[PDB]
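Student: heads up, no residue letters with this:
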DNA sequence: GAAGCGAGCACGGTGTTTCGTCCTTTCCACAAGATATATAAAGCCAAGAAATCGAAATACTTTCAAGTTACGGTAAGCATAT
């Protein structure tokens, strides 16, 4: 993921919306090593988290309404603090990064 | 005619070869060696087949090199809010 002349450190999505989203239907959620051979400028390490955080569906998003605080409470009430504790390993997709 | 000058032939030598034993064999022969055979107990020598153990080959364990999935935490420049 570094010192590579073929990688691109860009920020926007030039051609990515196709080059990376084709893997959605082309290949499953495993063996990312196969896709990196066709998409230039993109590495597997960043590709995994990009694919994950861009196409996910079930996430607590929207405006902070009068009913979201109970959601947060029952979230931190599942197993513990969650954000960094080891319980983060079983919280489904609620990693500390977010 | 017999005394002074040139005269055969028996004889006496080595050296070389021949002849004829004595040599040790090859070969042969009369008398007597195991040579067959009967034990039989003993322990050891010694040339064949069957069971056993050492070496190791190909095989599978196991352990040690590579490495890429999956995973958890911080930092910058564009967008957007009062």
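Tutor: Structure received. Numbering: from 1, shown residues only, chains lettered A, B, ... in the order given.

Student: Assess the claim that residue A:1 and residue A:48 are in contact.
Tutor: No. Using C-beta atoms under 8 Å, residue A:1 makes no contact with residue A:48, being 11.3 Å away. Where C-beta positions appear, they are placed from N, C-alpha and C, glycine not excepted.

Student: And these two? Which one has more around it.
Tutor: residue A:48 (12 against 8; other C-beta atoms under 10 Å).

Student: what sits against the more buried one?
Tutor: Residue A:48 sits next to residue A:32 when contact means C-beta atoms under 8 Å, 6 or more residues apart in numbering.

Student: quick check, it in a helix?
Tutor: Yes. Assessed by DSSP: H, G, I helix; E, B strand; the rest coil, residue A:48 belongs to a helix.

Student: what residues does chain A put near DNA strand B?
Tutor: A:29-33, A:44-45, A:48-49, A:83-84, A:88-89, A:95-97 (C-beta under 7 Å from any atom of the strand).

Student: Just the buried ones out of these, please.
Tutor: Among those, those buried by neighbour count (16 or more other C-beta atoms under 10 Å) are residue A:88.

Student: Ramachandran coordinates for residue A:41?
Tutor: The phi and psi values for residue A:41, taken as degrees, to the nearest 10, are phi 80, psi 0.

Student: Pull the number of nearby residues for it.
Tutor: For residue A:41, using other C-beta under 10 Å, the count is 14.

Student: chain center to stretch A:19-30, what's the gap?
Tutor: Offset of stretch A:19-30 from its chain centre (C-alpha atoms, centre = their mean, to the nearest Å): 14 Å.
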